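# Structure here, sequence nowhere to be found:
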Ligand SMILES: *C(=O)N1C[C@H](NOS(=O)(=O)O)CC[C@H]1C(N)=O
Ligand SMILES: [K+]
Ligand SMILES: [K+]
Ligand code: NA
């Protein structure tokens, strides 16, 4: 069937000119609302959640791992590295790299997480270990953001990412202290106020990870603690037909508003 919420999301998508993917999980009753929920979208920086979580999982058996220094060299800098560039010729710990990757979306930091996991396939392997058969990471930063229509590299579906985000942040894919650390990082994101949370009541608490790339790709994945109800998990992915298209964070906000109005 097609619900009123799904029809509104389709109208939003039609006005936007692009392709919108939405997946909500309401943990009050485990119900789901999906729009293009099984179509693939380029993850861009939203893939950093899986990489940081995979390192958190490694840290469960290595109490000192997150304090291990990682050397940052001039050649490690890529296209967006506001934190890592302050540490060139120095070191950052895996905790610092995770925080920078998640909260500032530093791309050099993401590459250090990927390298710690043995390459993009190590991120995919972690996804499989936690029951996500859909996620794939194939490249490092910055090429993982090419976002070419029809290209399966570095993609997932809204349904799969919402399920994984739930398991990581509210479920038991990670140990208790690691889950809390991931939640703390997401709640401290600096980049999210124009995306999902712009469409939600201001009294609700949000932790999220945004992303963007070529083809005007504009993404956000969020855990939401609304006023007076159990948490929600919401993924909004958006991509456009031309390579140089502008970001449309407003579309993600609009999708979130439609979702919230349908609760
Ligand atoms: C992630 O998608 N990226 C990293 C950086 N920050 O944007 S974010 O805050 O939306 O994550 C620049 C854009 C993008 C990229 N091209 O790597
Ligand atoms: K961006
Ligand atoms: K609901
Ligand atoms: Na772009």
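That came through, no problem. Numbering: from 1, shown residues only. Ligands and ions are numbered 1, 2, ... in the order given.
# from memory residue 236 sits against residue 195, does it?
Yes - counting by C-beta atoms under 8 Å, residue 195 is a contact partner of residue 236 at 7.3 Å. Yep, even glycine has a C-beta here, placed from its N, CA and C like the rest.
# Now do the shared contacts for these two.
By the contact definition C-beta atoms under 8 Å, 6 or more residues apart in numbering, residue 236 and residue 195 are jointly contacted by 220, 252, 256.
# The last one and residue 197 touch, don't they?
Yes - counting by C-beta under 8 Å, residue 256 touches residue 197, with 7.4 Å between them.
# Can you check which residues contact both of these two?
Contacts common to residue 256 and residue 197, judged by C-beta under 8 Å, 6+ apart, are residue 222.
# I'd guessed residue 168 sits against residue 180; true?
No - applying C-beta under 8 Å, one finds residue 168 not in contact with residue 180, separated by 11.5 Å.
# Look at the two and report which has more neighbours.
A direct count of neighbours by other C-beta atoms under 10 Å for residue 168 and residue 180 places residue 168 higher, at 27 against 12.
# Please report how far the more buried one lies from residue 131.
Using C-beta to C-beta, to the nearest Å, residue 168 is found at 11 Å from residue 131.
# do the same with residue 54
Distance from residue 54 to residue 131, by C-beta to C-beta: 14 Å.
# between the two, who's got more neighbours?
Per other C-beta under 10 Å, whichever of residue 54 and residue 131 has more neighbours is residue 54, with 26 against 12.
# tally of neighbours for residue 95?
Other residues close to residue 95 by other C-beta under 10 Å number 18.
# hmm, I was thinking of residue 255
30.
# Hmm, residue 22 and it touching each other?
Yes - using C-beta under 8 Å, residue 255 makes contact with residue 22 at a distance of 5.4 Å.
# Please enumerate the shared neighbours of the two.
Residues touching both residue 255 and residue 22 (C-beta under 8 Å, 6+ apart) are 9, 35, 236.
# No further questions, thank you.
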